[PDB]
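Let me begin by presenting the structure, written as structure tokens, before commenting on it.
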Amino acid sequence: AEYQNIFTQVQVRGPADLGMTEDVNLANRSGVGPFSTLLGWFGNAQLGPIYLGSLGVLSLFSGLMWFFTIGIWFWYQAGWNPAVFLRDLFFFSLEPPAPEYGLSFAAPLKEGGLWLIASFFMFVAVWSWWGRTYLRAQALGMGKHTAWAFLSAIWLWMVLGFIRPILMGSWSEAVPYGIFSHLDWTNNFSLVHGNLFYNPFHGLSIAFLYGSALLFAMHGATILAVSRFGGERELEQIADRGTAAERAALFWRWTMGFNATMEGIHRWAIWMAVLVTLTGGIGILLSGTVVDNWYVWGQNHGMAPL
Amino acid sequence: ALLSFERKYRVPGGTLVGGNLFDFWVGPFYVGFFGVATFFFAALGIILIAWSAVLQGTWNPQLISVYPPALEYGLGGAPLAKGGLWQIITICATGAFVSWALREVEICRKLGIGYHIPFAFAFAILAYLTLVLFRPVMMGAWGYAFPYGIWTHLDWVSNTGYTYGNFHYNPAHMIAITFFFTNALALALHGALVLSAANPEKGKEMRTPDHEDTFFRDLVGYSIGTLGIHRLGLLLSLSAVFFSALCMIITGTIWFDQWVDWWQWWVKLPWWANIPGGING
Amino acid sequence: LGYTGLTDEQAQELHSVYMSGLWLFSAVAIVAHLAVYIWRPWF
Amino acid sequence: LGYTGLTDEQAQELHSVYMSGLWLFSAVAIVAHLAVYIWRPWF
Amino acid sequence: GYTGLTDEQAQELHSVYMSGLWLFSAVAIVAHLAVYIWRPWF
Amino acid sequence: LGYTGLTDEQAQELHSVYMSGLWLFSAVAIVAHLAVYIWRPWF
Amino acid sequence: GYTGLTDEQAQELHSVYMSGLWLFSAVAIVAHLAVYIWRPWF
Amino acid sequence: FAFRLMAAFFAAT
Amino acid sequence: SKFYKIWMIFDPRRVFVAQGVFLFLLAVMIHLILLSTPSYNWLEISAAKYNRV
Amino acid sequence: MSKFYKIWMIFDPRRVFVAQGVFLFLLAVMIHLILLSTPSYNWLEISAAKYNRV
Amino acid sequence: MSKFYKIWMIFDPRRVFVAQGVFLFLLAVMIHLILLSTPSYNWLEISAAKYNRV
Amino acid sequence: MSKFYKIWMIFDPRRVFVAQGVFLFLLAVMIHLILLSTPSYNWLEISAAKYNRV
Amino acid sequence: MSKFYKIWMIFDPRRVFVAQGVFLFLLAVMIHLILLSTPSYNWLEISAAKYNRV
Amino acid sequence: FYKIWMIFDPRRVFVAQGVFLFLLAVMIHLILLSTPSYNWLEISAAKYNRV
Amino acid sequence: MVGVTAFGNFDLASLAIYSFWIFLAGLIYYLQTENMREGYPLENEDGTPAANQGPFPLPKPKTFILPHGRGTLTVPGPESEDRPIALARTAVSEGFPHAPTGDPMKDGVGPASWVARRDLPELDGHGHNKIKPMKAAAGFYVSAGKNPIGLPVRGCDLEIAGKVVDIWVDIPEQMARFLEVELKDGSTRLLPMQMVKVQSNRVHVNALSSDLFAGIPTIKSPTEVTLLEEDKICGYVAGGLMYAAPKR
Ligand code: BCL
Ligand code: BCL
Ligand SMILES: CC[C@H]1c2cc3[nH]c4c(c3C)C(=O)[C@H](C(=O)OC)c4c3nc(cc4[nH]c(cc(n2)[C@@H]1C)c(C(C)=O)c4C)[C@@H](C)[C@@H]3CCC(=O)OC/C=C(\C)CCC[C@H](C)CCC[C@H](C)CCCC(C)C
Ligand SMILES: COC(C)(C)C/C=C/C(C)=C/C=C/C(C)=C/C=C/C(C)=C/C=C/C=C(C)/C=C/C=C(\C)CC/C=C(\C)CCC=C(C)C
Ligand SMILES: COC(C)(C)C/C=C/C(C)=C/C=C/C(C)=C/C=C/C(C)=C/C=C/C=C(C)/C=C/C=C(\C)CC/C=C(\C)CCC=C(C)C
Ligand SMILES: COC(C)(C)C/C=C/C(C)=C/C=C/C(C)=C/C=C/C(C)=C/C=C/C=C(C)/C=C/C=C(\C)CC/C=C(\C)CCC=C(C)C
Ligand SMILES: COC(C)(C)C/C=C/C(C)=C/C=C/C(C)=C/C=C/C(C)=C/C=C/C=C(C)/C=C/C=C(\C)CC/C=C(\C)CCC=C(C)C
Ligand SMILES: COC(C)(C)C/C=C/C(C)=C/C=C/C(C)=C/C=C/C(C)=C/C=C\C=C(C)\C=C\C=C(/C)CC/C=C(\C)CCC=C(C)C
Ligand SMILES: CCCCCCCCCCCCO[C@@H]1O[C@H](CO)[C@@H](O[C@H]2O[C@H](CO)[C@@H](O)[C@H](O)[C@H]2O)[C@H](O)[C@H]1O
Ligand SMILES: [Fe+3]
């Protein structure tokens with residue numbers, strides 16, 4: 001019966017906001033796109049403008065090549081049949097070369113070479129996007145927290161696709177490009193290394209993924225509960241603490257016995273999120289290269305009855 | 001004992017039940033009626049877990065496990081050494097979580113803020129109840145519920161999932177995972193963006209939310225906004241947990257086969273069910 | 001015309017050396033293709 | 001009219017140079033197709 | 001009109017759109033005839 | 001009646017041209033159906 | 001008016017809607033009749 | 001949208 | 001009668017869109033059911049009559 | 001009967017045209033796919049059988 | 001018949017032109033792929049048969 | 001034929017050029033890959049079998 | 001190509017040069033990887049077989 | 001009895017009641033079709049020897 | 001395949017897990033100390049420094065530079081509630097509620113509390129007023145939902161308290177912030193959008209009764225609002241939830 005502030009009840013539109021021109025080449029920035037009332041019911045209605053620099057276009061074209069390579073392989077697997085393509089869309093897979101090729105690049109296209117091509121494209125796209133996040137932060141004079149938070153996820157991705165295959169000595173260890181295919185790869189990876197549940201770093205990574213869900217629920221709910229005091233304007237609460245920040249702090253102080261500040265809760269948030277992929281990459285790197293049976297390792301380290 | 005701004009908020013009122021009997025603070029904690037309930041439930045459960053550790057014969061915290069009763073006990077009680085301790089710890093935990101949420105409601109009322117936090121925690125409690133109460137009740141045994149051990153509820157997850165093949169193919173499981181991954185991504189982005197605005201490069205003026213919107217419009221062409229991001233985080237977490245509970249409530253009660261077979265309905269649509277080639281055909 | 005705000009003399013002095021670089025690149029590429037075809041023809 | 005903020009003279013010149021490029025591209029395409037067909041016909 | 005284009009603008013736009021469309025359809029029917037004499041589908 | 005700001009005359013001419021288009025589309029479709037039925041009737 | 005439509009507006013809109021319904025139903029009846037002539041299902 | 005939310009296409013359009 | 005009062009409460013536009021979706025779904029379902037029964041698949045029946053397969 | 005034009009007043013003509021076109025194309029694709037599905041009317045397989053192309 | 005130009009007063013020319021270009025290219029690729037998938041009209045396989053290339 | 005210049009009056013030249021480049025490169029890559037997949041036109045395999053390179 | 005100088009009137013030179021560099025680098029790597037994939041043209045493998053290496 | 005329209009909003013009740021009516025009716029029709037004693041099309045086909 | 005253990009069962013996985021425990025302890029210490037830049041040192045209920053300050057020491061000060069020459073903020077710094085809190089304790093010992101001395105909603109305590117913020121308007125990235133009335137907001141209009149201009153405003157006591165005359169908008173975020181309500185006395189008030197319930201025929205304010213819209217603090221300038229003023233208004237309206245309960 002009361003307004004929960006989940007959806008805006010009255011939308012307001014003014015002149016298009018071009019943004020802050022700190023050091024941004026206004027040539028690279030595109031024009032403001034359309035206004036989406038559907039998106040405006042939940043957040044901002046404005047689309048664009050989007051910046052397109054050197055790294056932006058490099059990453060966009062490299063990612064387009066990766067996506068197109070996978071899609072053309074999928075069309076080949078369908079026998080160029082659109083009905084088959086739609087029927088088996090989730091069952092298609094661009095697989096890495098068989099283990100007998102090792103890390104060599106001399107695998108046939110149908111048996112792993114096209115996977116290497118798509119992998120190179122993806123590698124370029126992701127690293128150019130990382131540089132792009134760093135440079136976009138730099139142009140506006142902001143800190144580089146987004147770049148390092150992205151670097152954590154990039155490290156999990158690199159361990160999965162690049163570093164662990166090299167350590168294990170074959171491209172066959174890497175992840176195929178496919179919807180159900182990479183799910184099968186995940187399940188098989190767990191089975192081969194003996195119940196990845198007993199990997200300590202898989203356990204910590206899950207602790208932090210659960211903790212990210214918990215913490216974003218807590219933080220979103222807290223900010224919505226104090227939005228009646230302008231609590232969603234967190235930067236001004238950092239600069240000039242209002243009653244929203246105090247009420248949020250006191251809620252969690254009286255509930256848990258300790259609280260955060262408007263600025264430090266975001267340190268909690270960023271670390272809780274990055275630890276997911278950081279710990280996960282460590283665990284995946286250890287799997288196979290150091291421990292090949294995590295249940296037996298568990299038994300030898302407590303964690304499981306002998 | 002108090003924060004520098006805390007005193008002007010410690011006024012009486014907002015209590016759901018009581019009003020003076022349990023309207024005070026112990027240290028930083030607000031002690032309501034539900035405060036007393038939560039403390040007793042938590043202490044009873046923890047010391048019962050310690051007692052079960054004594055019974056089991058291990059002092060390894062990782063090895064401590066409180067299994068529910070075996071399947072032949074049905075939905076009935078069991079000897080404390082066998083399955084009853086789990087049931088007492090389960091009722092204690094349920095009471096502790098519910099009273100914790102109610103204590104949060106009291107704290108919200110005293111502070112004059114919305115009730116979003118207890119609502120989200122209620123989502124979490126409902127998922128827990130699905131795992132311990134609703135699903136085992138629909139399957140007619142407390143033995144289906146997970147044990148209370150650090151590394152033995154993982155064995156419960158493993159066995160329960162592998163009962164249905166690769167559990168990845170549960171579609172509500174896929175949706176819940178998408179929400180979980182999206183939520184972690186959004187949390188990283190939100191923490192990073194706020195910290196980068198509040199901590200500019202070197203001796204630079206603190207940034208405004210206009211800079212945050214500009215950063216994300218430059219990056220991906222959209223900016224959900226300061227209010228929209230908190231709405232999105234809350235909704236992503238709650239939807240993740242909702243679809244988790246939904247995926248487990250239908251497993252073993254509405255679905256009994258391997259989950260991968262559920263996808264056959266797409267590959268067997270009559271227009272393309274019998275076209276050779278591809279993967280399934 | 002005039003989207004980037006430049007002069008036709010600048011366009012000339014730019015496009016000429018652009019074609020210079022293109023022709024250098026194409027000449028080296030043609031030499032490489034000739035050497036490969038001699039070494040191991042693909043037709 | 002003038003959604004792109006261009007003039008008929010400018011648009012005419014732009015179209016002329018674009019069509020010149022298109023015809024060169026199509027000419028090279030024709031040559032390549034003829035070479036392929038005499039190498040291997042596909043009908 | 002919704003776009004705000006006047007009568008003459010719509011006239012010119014439609015007359016050039018049809019001018020392109022007829023060329024497209026003529027090339028299409030030439031291709032169809034070539035295929036049909038090559039390998040009829042009826 | 002509203003909901004768009006249109007008028008009687010604008011809506012009427014819009015519907016008249018739309019109905020002419022529908023009649024032409026139906027004529028082409030019926031010609032196709034007749035040709036198919038002659039080629040291989042389904043009745 | 002509970003949503004803004006007048007008495008005459010509601011009457012005319014309902015008349016148009018019902019006229020369309022009756023046209024659709026007459027066409028459907030002719031279709032069922034021709035089918036029954038072809039092969040009755042009873 | 002919640003007022004018309006009591007398949008989805010009815011509220012969608 | 002007095003049925004036009006039904007337009008004084010429900011939005012005409014969403015009523016018409018819902019009616020169109022409902023009618024299309026029902027017609028598609030009825031035709032598909034007729035196809036499913038081998039004794040009413042008019043393509044199959046015509047093939048049997050004209051000795052097509 | 002001649003008063004149908006007034007529906008253009010209630011409904012947005014742009015959205016009506018777009019949605020109608022999408023429905024028409026989906027319907028036509030669906031029917032052509034029914035015809036392709038049936039061996040009795042799959043004109044590609046029909047022509048192949050007539051001219052003995054397999 | 002000769003009064004269809006008013007369609008241009010309903011929709012932005014850029015939107016209809018991009019939508020129809022996308023639709024036409026997608027339809028062309030769809031039909032070419034359907035022809036490639038049918039072995040009786042795969043012109044590459046047909047030429048391989050008619051010239052004993054396999 | 002000659003009155004098609006007006007399309008440059010209605011479309012931004014820069015975006016059209018970018019889209020054209022992307023479209024043509026994707027089409028060329030797709031066709032070259034299709035030819036590679038078909039053994040009748042895999043010029044690398046054809047040269048290998050012709051010159052006994054395997 | 002004495003009228004092709006007008007591109008720089010609509011396209012910023014930096015954008016064109018970076019796009020050219022990106023395209024050429026990606027295309028070169030793709031083609032070299034394709035060659036390495038084909039055993040008929042894997043120059044490392046060819047030299048390994050020619051000189052009795054492993 | 002007459003107060004049901006006061007506590008409950010007409011739109012929700014009307015739409016839900018109609019939706020339930022349609023789904024229950026089509027379920028009844030499906031159940032009748034499924035069993036071989038109320039599938040009218042099969043009865044007609046066997047009757048006219050068109051099966 | 002590595003897996004050699006240096007001692008006992010201590011392989012590379014054990015090294016990694018213990019290294020992570022050390023790193024996590026250090027990180028938790030860092031996060032907790034960074035979250036002590038406000039509200040510390042802890043105080044007794046009489047405002048004097050407490051004897052117990054906690055296991056975590058206070059961090060080194062850091063200074064934020066404000067973006068429009070608004071100054072510099074160093075935290076943790078001296079803390080003082082620059083307002084006369086009107087409360088009196090109900091027990092000599094600690095950990096008990098402090099009851100209001102007078103009208104809590106008027107005095108600004110408890111759920112009605114406000115913070116002595118800066119008495120300057122919030123400035124966007126261009127240095128202009130972030131929140132301004134729709135009249136002064138050029139080109140700003142309602143895009144969706146029921147436009148609440150001239151809708152009667154109903155209180156928690158279910159009686160009309162005034163009519164909305166304007167919408168105050170956050171310019172860069174392009175979202176509604178406040179409704180300006182003209183009361184029966186011809187004077188204006190601001191109401192946060194988060195505490196109004198826009199409906200088909202009226203704007204409902206569950207927080208306040210009809211005989212409380214007069215008590216809402218006003219803005220000295222009718223075309224702008226400072227952080228202090230909006231803090232006071234929002235605190236008043238929110239405290240209405242607890243302190244207008246007797247009415248409804
Ligand atoms: C049967 C399966 C096994 C299992 C096998 C594995 C394997 C194998 C792995 C995990 C991993 C994880 N497991 Mg596990 N896991 C199991 C059971 C679980 C259960 C459960 C309740 O049962 C949970 C909650 C989890 C949860 C987790 C996560 C904590 C962790 C994934 C972190 C992540 O976010 O990666 C997702 C994020 C990334 C992969 C990085 C993405 C960043 C890149 C750069 C994205 C680029 C986008 C790309 C370019 C496309 C662009 C798109 C367009 C731009 C839109 N697992 C069981 C035991 N699990 C991963 C891990 O961390 O190991 C410890 C992992 O490798
Ligand atoms: C051998 C047996 C007979 C046969 C035995 C029976 C029996 C017995 C019955 C029917 C009935 C029906 N049969 Mg029969 N029927 C047969 C096979 C068929 C076949 C077929 C494919 O062969 C078809 C198409 C039908 C068709 C029908 C329907 C016309 C009718 C059910 C109407 C209905 O449920 O409306 C339900 C939908 C609504 C009422 C509209 C409401 C839903 C809307 C869309 C949602 C609400 C929105 C709205 C705006 C809300 C505001 C207003 C509200 C309505 C309050 N039958 C065979 C041939 N049939 C039933 C009947 O006669 O009912 C009249 C019935 O009892
Ligand atoms: C719904 C979205 C996510 C969410 C939200 C959420 N959680 C919340 C909240 C919210 C909004 C709170 O306000 C509340 C809180 O106070 O947070 C600090 C909380 C909370 N979520 C917590 C944990 C938690 N949340 C989890 C999940 C989630 N929380 C969701 C993913 C998980 C997971 C996935 O594992 C955990 C572990 C607590 C820190 C806290 C609730 C504290 C509480 O209930 O206090 C009273 C109870 C005790 C002090 C302990 C009682 C102990 C029992 C008596 C005995 C043990 C029983 C138990 C079953 C044993 C388990 C054994 C093994 C399975 C390990
Ligand atoms: C899967 O399919 C495969 C890959 C097998 C086959 C497919 C192949 C395909 C699709 C190939 C496509 C090839 C294309 C489109 C090639 C196009 C190549 C072009 C246009 C290359 C242009 C090159 C230009 C170059 C290299 C210019 C270089 C210039 C310099 C090195 C110096 C330039 C500096 C200048 C001009 C200074 C100018 C600045 C001022 C201010 C005057
Ligand atoms: C699965 O199906 C398969 C793929 C097997 C078969 C399907 C095939 C299909 C559907 C093929 C579709 C092919 C199409 C539609 C091809 C169209 C190709 C076109 C339109 C190519 C046009 C190229 C135009 C070019 C190359 C023009 C270049 C012009 C320039 C570079 C001139 C530079 C412009 C300037 C200087 C303008 C500046 C002027 C001023 C005044 C500043
Ligand atoms: C397995 O067994 C099954 C399920 C198949 C058997 C069960 C069958 C069942 C349950 C069938 C249920 C059938 C029902 C409920 C059918 C209802 C059909 C209806 C409501 C049809 C109504 C159609 C209305 C039409 C065609 C009206 C068209 C009107 C126009 C085209 C005029 C347009 C004017 C408008 C929209 C507004 C006028 C306003 C102005 C200003 C002009
Ligand atoms: C499984 O079920 C199967 C498929 C077996 C059987 C089921 C069959 C079913 C459910 C069939 C349903 C069929 C229906 C509903 C067919 C309806 C077709 C209709 C209504 C087609 C209408 C077409 C109308 C057209 C193409 C109109 C075109 C109009 C123009 C091109 C005019 C352009 C507009 C202008 C010029 C605007 C004028 C503006 C001013 C200012 C005058
Ligand atoms: C009609 O459809 C068209 C054709 C138009 C477009 C359709 C496209 C489709 C259907 C795309 C489908 C895409 C899918 C299913 C993508 C799935 C991707 C997934 C699930 C990826 C999952 C994991 C990928 C990982 C972890 C990749 C890791 C890669 C790296 C870490 C870099 C790898 C780099 C390597 C191995 C070295 C490369 C370097 C050289 C020199 C080869
Ligand atoms: C929690 C953070 C603080 C950790 C302690 C601080 C020091 C950090 C480095 C510690 C590294 C050594 O840590 C120590 O390694 C030895 C290696 O066998 C472990 O192993 C020892 O105990 C286990 C369990 O009873 C036996 O199975 C094993 O045979 C025995 O050697 C110890 O259980 C562990 O305590
Ligand atoms: Fe936040």
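When a ligand or atom number is given, it counts from 1 through the structure's own listing order. Letters A, B, ... mirror the listed sequences (proteins, then strands); counts begin at 1. What you see below is based on every heavy atom in this structure, not just the backbone, and it leaves out hydrogens, waters and symmetry mates.
Aromatic ring centroids of A:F120 and M:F25 lie under 6.0 Å apart.
One side chain, B:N183 or B:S237, offers a donor N or O that lies under 3.5 Å from an acceptor on the other. A donor and an acceptor atom, one from each side chain of C:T7 and C:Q10, are located under 3.5 Å apart.
Pocket lining of ligand 4, defined as residues with a non-hydrogen atom under 4.0 Å away: C:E13, C:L14, C:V17, C:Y18, C:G21, C:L22, C:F25, L:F25, L:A28, L:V29, L:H32, L:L33, M:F17, M:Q20, M:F23, M:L24, M:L27, M:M30, M:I31, M:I34.
Using a 30° and 60° split on the angle between ring planes, C:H15 and M:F4 fall in the perpendicular class, above 60°. Note on ring orientation: taking the six-membered ring where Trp is involved, the planes of M:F23 and A:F61 are tilted (angle from 30° to 60°).
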For ligand 3, run through the N/O pairs with the protein that fall under 3.5 Å and put one pair on each line.
from	atom 1	to	atom 2	distance (Å)
ligand 3	13 (O)	B:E104	OE1	3.4
ligand 3	13 (O)	B:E104	OE2	2.7
ligand 3	16 (O)	B:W100	NE1	2.9
ligand 3	16 (O)	B:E104	OE2	3.4

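Listed by first then second residue, pairs satisfying side-chain hydrogen bond (donor to acceptor under 3.5 Å, both in side chains) with a partner in residues 15-37 of chain M read A:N28-M:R15, C:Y18-M:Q20, not counting sequence neighbours.
Shown here are the side-chain hydrogen bond (donor to acceptor under 3.5 Å, both in side chains) partners of A:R253, two or more places apart in sequence or in another chain: O:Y40.
The side-chain contact (heavy atoms from CB on, under 4.5 Å) test with B:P68 is passed by exactly one of B:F146, B:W156, B:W86: B:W86.
Interatomic distance, C:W23 CH2 to C:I30 CD1, rounded to the nearest 0.5 Å: 7.5 Å.
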